[PDB]
Amino acid sequence: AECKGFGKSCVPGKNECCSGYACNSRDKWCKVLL
């Protein structure tokens, strides 16, 4: 088991995204935190 990278589809509210990223519920994906 490992985190999710950039451009991957994830669910908002869970803890799948890697460090520095953020599960954007907008498109249900990961993105580099501001």
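Easy rule for this one: first residue shown is 1, then count along the chain.
Here the Cβ of each residue, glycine as well, is placed from N, Cα and C on the backbone.
Here is what Swiss-Prot records for this protein:
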- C3-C18: disulfide bond (DISULFID)
- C10-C23: disulfide bond (DISULFID)
- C17-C30: disulfide bond (DISULFID)
- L34: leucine amide (MOD_RES)
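Features recorded in Swiss-Prot, as mapped to the structure shown.
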residue: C3; record: disulfide bond; contacts (Cβ under 8 Å, 6+ apart): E16, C17, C18, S19, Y21
residue: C10; record: disulfide bond; contacts (Cβ under 8 Å, 6+ apart): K4, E16, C17, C23, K28, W29, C30
residue: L34; record: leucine amide; contacts (Cβ under 8 Å, 6+ apart): none
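Mapped onto three states, the DSSP output places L34 (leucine amide) in coil. All chains included, 22 other C-beta atoms sit within 10 angstroms of the C-beta of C30 (disulfide bond).
Secondary structure from DSSP puts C17 (disulfide bond) in a beta strand. Neighbour counts were taken as the number of other C-beta atoms within 10 angstroms of each residue's C-beta; across the disulfide-bonded residues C17, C18, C23, the minimum falls on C18.
For the recorded site, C23 (disulfide bond), the DSSP three-state label reads strand.
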